[PDB]
């Protein structure tokens, strides 16, 4: 059965995003803190995360571990692509912060044109809403997001950016398999972090990210 595993030993999920999910994956620029890590493996092991002491990016800056998740939904007339990233800790300063970090972004597409009608990005419990993003905030089909510490909200958060970002290996909800979905769905694996694609949170990510 799946067990906890060291954050730097858990194997990533292979790429399983659909062509549409891959097309619209936001770029993610790490302004500060951790790079993204695998929260789970194909066998349903889950990351033990990191204690939020030491430097905010210590032990979580290995780019070979990068992962993104996506769960698709069709929602009130739009295709909604709910992306998520896991960082092993969410630390503002040594001892201030949390083990685990789950971030999310919802890309809403027009039913017909598959044009981006809007993107929303997680800001610890709230969704920032970007109707009709463009210009310096999009590169072709990839909206550009920055991850950074936001001490006023006691957490890291996502915002739209003009800086180029990474596109880590993209595992879809549907492609990752049952054991990995179970391991993300188990909310008690994640302390104070909340995976916005888990079964218990997908509905509120959708209604929360809605901007029409």
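Positions refer to the first chain, counted from 1.
- In this entry, 52-60 shows the higher mean Cα temperature factor of the pair 25-33 and 52-60.
- In this entry, 116-124 shows the higher mean Cα temperature factor of the pair 116-124 and 70-78.
- Among 172, 154, 169, 185, the highest C-alpha B-factor in the deposited entry belongs to 154.
- Annotation for residue 47: C-alpha temperature factor in the lowest third relative to the rest of the modelled chain, per the entry.
- When all modelled residues of the chain are sorted by CA temperature factor, residue 163 is found within the highest third.
- Sort the modelled residues of the chain by CA B factor and residue 11 lands in the highest third.
- Placement of the Cα temperature factor of residue 145 within the chain: lowest third of the modelled residues, per the deposited record.
- When the CA B factors of the chain's modelled residues are split into thirds, the value for residue 209 lands in the lowest one.
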